[PDB]
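The data below hold one chain only, encoded as structure tokens and taken in the form deposited in one PDB entry.
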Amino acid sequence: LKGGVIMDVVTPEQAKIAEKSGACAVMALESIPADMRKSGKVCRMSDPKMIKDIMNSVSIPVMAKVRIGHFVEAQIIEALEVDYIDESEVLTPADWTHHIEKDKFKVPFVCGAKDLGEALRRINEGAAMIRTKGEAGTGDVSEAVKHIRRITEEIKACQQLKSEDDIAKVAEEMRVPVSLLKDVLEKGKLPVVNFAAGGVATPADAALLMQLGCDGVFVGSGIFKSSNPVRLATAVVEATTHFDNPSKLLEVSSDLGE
């Protein structure tokens, strides 16, 4: 899915709009935390029936969310044959101590991370994909930027550690195998694709995150709240593809509406 955009969709018809806009995948979900976050309610896995109905409407990959640590929700979502599971901090966590043991699943998982240690812990548990934790709901791209900058800075700082022994002390504080940390230092990158998520509101934001080194970007239901969802979704996809072409980012950002 590298170079691509994943969109949150709440109905089959939204999925079809996502797919026709250029999305590489869709993320099926009932609500969009938010309306529930400001309310108080527990956020859980969405009904399998609404997910299958989305899977039946497009021919691109479909992802779905489960609660952090909720390995039973994950077993149900795997049995449904979705393409990816997003063990998501947007939903209400089920286990505040243990993430899901992802290497016991066939289906790939994406997890969030706000820094290097977090990202390595998620990968060491078996995450196949990392995304920034962003700041979901708000439309403020700055948390996404903070987290991508932080991982990049931390990687660079580790790379200046001379002692193999100091490196080990770091792996220890992160609670990951030294081999995993060492593999990151030698490649100067996480060993899995890293996508931006949380606060990506405009085409500019999308191109920003790509220019900071993200392999792609998730966008939320904000696309569909806008006065023309097709124009906005197509504009974010173009911007993600042509992320280093100012005249084209200019063209796709012009006259977008509210």
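Residues carry their position along the shown sequence, with the first being 1.
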Averaged over C-alpha atoms, is the B-factor higher for 209-217 or for 65-73 in this PDB entry? 209-217
Between 163-171 and 124-132, name whichever shows the higher mean Cα B factor according to the PDB entry. 163-171
Kindly indicate the residue among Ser31, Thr202, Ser227, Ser57 with the greatest C-alpha B-factor in the PDB record. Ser227
By the CA temperature factor listed in this entry, which of these ranks top: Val42, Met45, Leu190, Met27? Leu190
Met7: CA B-factor among chain residues, third -> lowest
Among the chain's modelled residues, which third holds the C-alpha B-factor of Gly137? highest
Going by the recorded CA B-factors, say which third of the chain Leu181 sits in, lowest, middle or highest. highest
Split the chain's modelled residues into thirds by Cα B-factor; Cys158 lands in the highest
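FYI, the form deposited with a small molecule bound isn't displayed, but the following is about it.
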With the small molecule left out of view, choose which of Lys187, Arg175, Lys169, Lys156 has a non-hydrogen atom within 4.5 angstroms of it in the entry with it bound. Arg175
In this chain shown alone, the residue from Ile68, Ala207, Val58, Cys214 with a heavy atom within 4.5 Å of the small molecule in the entry with it bound is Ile68
Partner absent here, but in the entry with it bound, which of 85-93, 161-169, 176-184, 138-146 has residues with a heavy atom within 4.5 Å of the small molecule? 85-93
May I ask you to state whether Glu118 is within 4.5 Å of the small molecule in the entry with it bound, using heavy atom distances? yes
Please determine whether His99 contacts the small molecule in the entry with it bound, using a 4.5 Å cut-off between heavy atoms. yes
Might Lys114 be said to contact the small molecule in the entry with it bound, defining contact as any heavy atom within 4.5 Å? yes
